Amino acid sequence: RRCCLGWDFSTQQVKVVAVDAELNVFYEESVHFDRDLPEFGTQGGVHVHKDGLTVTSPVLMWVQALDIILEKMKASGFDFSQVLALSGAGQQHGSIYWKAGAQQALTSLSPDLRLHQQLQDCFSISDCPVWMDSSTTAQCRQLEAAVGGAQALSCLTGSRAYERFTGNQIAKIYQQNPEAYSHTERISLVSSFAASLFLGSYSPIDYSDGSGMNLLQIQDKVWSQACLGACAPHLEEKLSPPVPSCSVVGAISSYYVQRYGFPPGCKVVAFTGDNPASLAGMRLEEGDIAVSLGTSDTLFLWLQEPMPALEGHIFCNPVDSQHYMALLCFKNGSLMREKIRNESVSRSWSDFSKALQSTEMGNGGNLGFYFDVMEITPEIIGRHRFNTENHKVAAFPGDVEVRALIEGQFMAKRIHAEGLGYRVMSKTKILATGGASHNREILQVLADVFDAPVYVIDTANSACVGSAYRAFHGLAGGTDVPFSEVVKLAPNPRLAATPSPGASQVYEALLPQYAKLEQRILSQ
């Protein structure tokens, strides 16, 4: 049983899966930060600072967690001699600042000691900013002004300036702690930091996670000189050139060979971000989209031809370096669905389903926008309801309300995805995951709106699994072969719904009416 390992250096834990060559997951293990390393005093794996905006994690907690998990695997009897290759994912945006002289410690690791003990003094910043940090608003505004505005930055990097994006965090560290910045020889993302631990030398950053920094020119796949210069000095030499995601960055360090019994030929495939790795785990191809339903709803799009905007995030594609992917986040998700269920259908998901069954596609032309909290895609708040003559109304009947919510939420996902360059194709598959993916009637509206089949998939280990798939892709030929042909044998998702007859005719007319009403609300 030969295998690849798929790692996930996440906010709350370090996780690993072992996938065999038939692409079956046969082993999983994890180390949970608060529970297993309580000495760091984290909550949710992070430290929220007094200001309520600065959010960090101690770098050495992530190092120590890797030591614990490898020893936990050993103690369970995991056969490391069977590992042909490995890759992994990192929580996006988060950064590691390596102190001058740290690569000498990485390259001289002794198998008799743990990583934590040997890399103890290798970091110029002990508390790493993570994806939850929102303390860099001034750096965001300065970065945008320096390059010609929010739209100019997005065209260049796939996103306007976001507080959590790495370049804004590097700028804040350079401004507030210039001494630590001057003593930093290398800056890694969580993904490339974790790859560096397995190599025993610095890994480059990949194109895909490299796209979550407001630094990489996504088109030319080179660092933007204007973005680098607007954040901190000598930054390019600290980052090193970025590489295609399907790159063998080196063999595993002899440290792991001697300490754990990994074979010396075990290959380390470039790590990537957790969202890009989940896209690989979900096996999205051209024309596909995944809908992650939850407290926030997240759209994962494949993009051949990107159109960066003031909303969403375009990244270089992890499984096809010539194309792209995008994330679109919706703040009004499951709480909004639960509130409408409670108000209109007697707190019953069954009556919620029956309201969708008992109403026609297009809802008689009744359209609704439901934003009890300020929405981000787009920036609107309030509930806004319109009847078949496009007149604003105060309320709908209960059943109409349920369909207006579900049908509007899915039409918005389609409209905002097309704003970034996405187009439904004859090959299109829609993948759905999360709480609301357990409701057939909700998934039917989704199938009708996009005029494409919907499949349900469990994604709890999507980043791990996607990483093991990418490791297998590197062994099966890398850039010489399509990722999709390597993973064709992986488990297929179950088909949940297919568009009803006439759905295309209904939504071809209704989608432009919904988009016009959205623009009407934004302007007024």
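In this text, residue numbers run from 1 along the sequence as written.
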Quick one: say whether 481-489 or 55-63 has the higher mean Cα B-factor in the deposited entry. 481-489
Of 177-185 and 314-322, the stretch with the higher mean C-alpha B-factor in the deposited entry is 177-185
For the CA B factor values reported in this entry, which option in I442, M73, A145, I96 has the top one? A145
Residue with maximal Cα B-factor (values as given in the PDB entry) among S87, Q219, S296, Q91: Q219
Splitting the chain's C-alpha B-factors into thirds, which one does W223 fall into? highest
How does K50 rank on Cα B-factor within its chain, lowest, middle or highest third? highest
Based on the deposited C-alpha B factors for this chain, I'd like to know if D20 is in the lowest, middle or highest third. lowest
Please place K429 in the lowest, middle or highest third of its chain by C-alpha B factor as given in the entry. middle
Divide the modelled residues of the chain into thirds by Cα B-factor and specify which third, lowest, middle or highest, holds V14. lowest
